[PDB]
């Protein structure tokens, strides 16, 4: 069920929630897509040190389901996006939440928007890859979000 989104020097892998009892299969896939680091945006359900073990870096920035990400998180997220793909050309950043339909897709959307896409373009571009990518509240949030390249 791995969802991949590209544009333009950016590449994202939106993924589901793993467990200690399924982390093996989950890492194998990450390694396959050239994932250098993964940003967990939801609640912890497995031990991240196991991932860090295999050479994949981890950043744990969880925020409430449905609710909008803090200013700090959006901030860090964008800093990470801006530098990683430049420092490491062709790499891939995996972001994952529980369902993979709200929180992760939103950070991916804010990245596309900062990259020059209109919000309605960023929403379709993503749903192109993940059927039910956003709920009403989240859509409204993306609609009122103001970028600064």
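Residue numbers count along the first chain shown, from 1.
The PDB entry records a higher mean C-alpha B factor for 48 to 56 than for its counterpart among 104 to 112 and 48 to 56. Annotation for 24 to 32 versus 114 to 122: the higher mean temperature factor (C-alpha) is found in 24 to 32. Based on the entry's C-alpha B-factors, the most elevated value among 94, 41, 67, 80 belongs to 67. Among 135, 19, 128, 9, the highest C-alpha B-factor in the deposited entry belongs to 19.
When the modelled residues of the chain are ordered by their C-alpha B factor, residue 3 lands in the middle third.
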